[PDB]
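So here's one chain in two forms, each on its own in structure tokens, numbered structure 1 and structure 2.
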Structure 1
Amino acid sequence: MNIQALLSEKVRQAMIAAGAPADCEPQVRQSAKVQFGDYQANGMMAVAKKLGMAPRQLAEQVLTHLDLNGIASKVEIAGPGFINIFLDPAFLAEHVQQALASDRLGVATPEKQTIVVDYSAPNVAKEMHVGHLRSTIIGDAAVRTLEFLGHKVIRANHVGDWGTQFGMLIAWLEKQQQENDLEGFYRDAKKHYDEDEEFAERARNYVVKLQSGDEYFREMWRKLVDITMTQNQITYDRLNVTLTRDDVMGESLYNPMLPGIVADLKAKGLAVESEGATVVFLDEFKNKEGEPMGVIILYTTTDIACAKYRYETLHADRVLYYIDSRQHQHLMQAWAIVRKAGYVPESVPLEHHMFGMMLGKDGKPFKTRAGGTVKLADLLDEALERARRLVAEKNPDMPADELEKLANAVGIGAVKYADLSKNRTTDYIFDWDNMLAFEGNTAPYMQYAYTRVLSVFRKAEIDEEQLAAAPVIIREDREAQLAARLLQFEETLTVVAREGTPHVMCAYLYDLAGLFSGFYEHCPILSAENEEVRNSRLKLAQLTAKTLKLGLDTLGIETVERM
């Protein structure tokens, strides 16, 4: 149920009937304060200028043809001409009911698109670092959200499985095999190819045979790759990320394309051998002219083939990119090249969602106390430990068999539900005291809140198959608030899918919880004057439980049934 889009039309299909142009835009948002009802129409003022009249007069000129009967119970004008809509109880207590009768809670299925999500993107022959945790989590949240809506999501893991370093890598592997897993690999082999070593010409030659390709050096490649991706699939499985091995499309598939991509870029008149390198000129920035590359004898030419392959072979209607902030240039530049070359059209967006670096409670890069890179596994280990200590001092002397299970949900959930709360792209603070707490917008609070709600719909007799025969009658203004927000689940979902931002979902869920936690300490679902309301508020509570569950599911957050 997308009430916004509903009122969006009935106001648009109005307005016109009060003198308005075709390209018309009502601005139907959710009211800030509760003074302004459940929804606002802001589109007046802006329109009330292109015709040069008066906003507070164009206002009720629309209400004359605006018939929100059976929908709203109170429509009034306020301020410089806002149209405030106070939803009618009987309208809410009809879609609150419709959501219950559906396994998708009334959420409608959009036009079945085909989207490609680019997330995680770890490196080869290196233990996965914590600087990739953000990309992996948010990307998976996007995928889950899109998948629930019904689209066809192609998970894309752009693994750095190619580069110069493989000469330094494979040679070490070839040598490290003469003694007998990856922990001091990339680190030790680096100590050779600089100071000090003699047969690095062995390594610098070992790479030039990989581009040519013969199974021997091809095995030493895949062998080195498959081990890294096996270590990482473990990390994913621990992290509850939906990624898989057959979701890997790294810097290998987008490599034999490099010739006939700049050649075709030259065979279309767009490249000049400036400075000594193939370059392609664009025009939308500074006081002279900037310039990307392609060759010289790069991290911009690969993405072009990438963004092309998504469209031409994978039939991507849309393609999301969850990548570090320090890559916005290299993408936008290399994407503007695809916009003025016609590889991928216009109906196919190339979205880029960004984020900064991991920092601690001190503005410095997130590192260990030794002063170095933090392994993601080592982070998850402490997450589970700190969670155990958390659950212990509140629920001690309890079956260990169901503590690790609960500590898993709390700890691993907190690690995820911490990027799913921030939307910035200018670095971020990692603080255990913020994420692992029963207070605030934290996963444990949501997880506890969900158990709380669920308990109410448990201690009562009223079985499952006759409860939904007694209807919902909303008579009080806290039930109306709750029921409204409950129905705004589709809106939030559509915003997440559109903007690629899961923080909205979490903000909603946090906001959704607070309503219940206020609807509870005032409106006794427990026991009231009659059965008519007892069952009604149960269903009203029953919905949020299903809603909180489904919401947390789209984020990839475990939900324990009991705390």
Structure 2
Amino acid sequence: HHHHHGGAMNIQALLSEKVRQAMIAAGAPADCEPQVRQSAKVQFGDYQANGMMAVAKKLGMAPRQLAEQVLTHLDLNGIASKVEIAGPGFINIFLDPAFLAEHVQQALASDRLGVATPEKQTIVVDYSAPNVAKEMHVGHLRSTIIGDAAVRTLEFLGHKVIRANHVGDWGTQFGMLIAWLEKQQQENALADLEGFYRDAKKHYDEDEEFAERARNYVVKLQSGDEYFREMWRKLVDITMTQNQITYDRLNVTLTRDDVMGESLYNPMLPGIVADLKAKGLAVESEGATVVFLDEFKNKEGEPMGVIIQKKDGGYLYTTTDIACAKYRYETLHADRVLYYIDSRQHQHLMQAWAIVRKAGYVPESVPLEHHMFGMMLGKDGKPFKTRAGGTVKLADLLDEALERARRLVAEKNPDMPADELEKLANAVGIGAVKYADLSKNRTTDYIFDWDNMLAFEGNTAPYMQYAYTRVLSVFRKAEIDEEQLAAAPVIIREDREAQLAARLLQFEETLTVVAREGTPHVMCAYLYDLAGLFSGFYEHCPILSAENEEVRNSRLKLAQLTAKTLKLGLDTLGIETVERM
């Protein structure tokens, strides 16, 4: 009859192939969508094919009587134990315990838990992007964390991921900095960096000559004089040096050679504007050079002339945005570019990208995705600041996270050696910072809350990290013949075992969603449901105290895969785990 095509597929994908073939065999067109999704309730099975009503409508027939025809052609032997029609023509699919058992075994044998590798793409990820004329702060936090989760996920799926740290390394803010560095290091001659920034502004307002000199040092830097360009590289180098040790504390995969600031695109800008003119897209308007876009309206209600070069001849964010996308396709050969940027930048991005398309700088087959996010708020519902109202240093936020975590872990003692107790607070504190962000739909405005993010109740990092330790504590090496276990089979007999196994095998399709939508909160929700299913499994099914050796070994393997899945999943979020707590 009908056969499988290609290689290894996850359960949802395999079922889709099978249901599609049955639909086609029943008369459905070759572009039919079975819409197989995980069931909401377990009386409805593990999966449901929901695409029947839409298919029946198109062929112009009753879904209830079409579903019975599709059932006739549907072959889930060795995959589904039971398949029945429900309601208006739903297809409830109950997974075969033998099918699940073999895939649990195959997952355990694999270092990546049997997660298939998708067709490899080159993916650029734009995130973090701190202003390097000052110490990194909370305003750059969400982008750094969410973007790095996307990076980790795409890398684990075997993609070529290019981290692009679009740092703000070319503002007027440097004129003051360069002036101060000269007034010291030169004419006068990492711990001074914090004294540096403040002492720079300390003369910005108390010396007319200095603050005038600072404004024209911007010109000299923009002129291309190698003297000021070298002093500029130096203070960027030392700032990124301070930023690296903060990234490290954050457990973020960003390094020095991921830095691609807007200064990198500067020598490209005149070429872009000149080329956009040559294409007849850019024309003069009120002294400025604009591109007219039909998709946008100005304040006058007229078609918007997007400025790519202004009257004084200077460029702006749009021009860099254009050059940036072009560069990422032409030089980096991106198949896909992801921008983790605050949602208020949407229109700016859409404008610049609309020009990118018109010029044909980036083919339409290469998506430019704005993975936008809400802003960090306080309890007041207003932008995030301290007790008074100054911008929050990331280095300070991390400091308090560790200090609060040391106390929170000292609450339940739990008494352990000194070094291990340090690693424990670090995992909990920083884990909480990152997880509290990641566990929420990025698009939503995020309200920072110390009490909730560090609680052992609900979907938080400390809960996840604790649940992981309880999973480990049942797998006691000293009481397990590991060679006998590794050779032992998985035998799924109870509904809770089958539920856990099936959920464990949905690790791949969770990753598939995260990679596609750029939404790590789907991963957070999965792990939490997984931890919950294990608990129900733990409290209802004797593991170490199982009645016989076959069940003991089988349930230990389920526990083993649960541990591996929780640790790998948390790793894709960039969350550290500990052995015990």
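Reference numbering: structure 1, starting with residue 1. In this text, the rigid core denotes the largest set of C-alpha atoms whose superposition between the two forms falls within 1.5 Å.
- Remark: structure 1 matches the stated condition (the form solved in complex with the RNA).
- Superposing the rigid core between structures 1 and 2 leaves a single residue from 246, 439, 195, 103 with a C-alpha shift of at least 2 Å: 195.
- After superposing the rigid core, the Cα of residue 475 is displaced by less than 2 Å between structures 1 and 2.
- With the core held fixed between structures 1 and 2, residue 283 has its Cα displaced by at least 2 Å.
- Once both forms are fitted on their core, the CA shift for residue 455 between structures 1 and 2 remains under 2 Å.
- Per-residue C-alpha deviation between structures 1 and 2, core superposed: residue 175, 2.9 Å.
- In the rigid-core superposition between structures 1 and 2, residue position residue 396 carries a C-alpha shift of 5.0 Å.
- In the core-superposed comparison between structures 1 and 2, the CA atom of residue 292 travels 9.1 Å.
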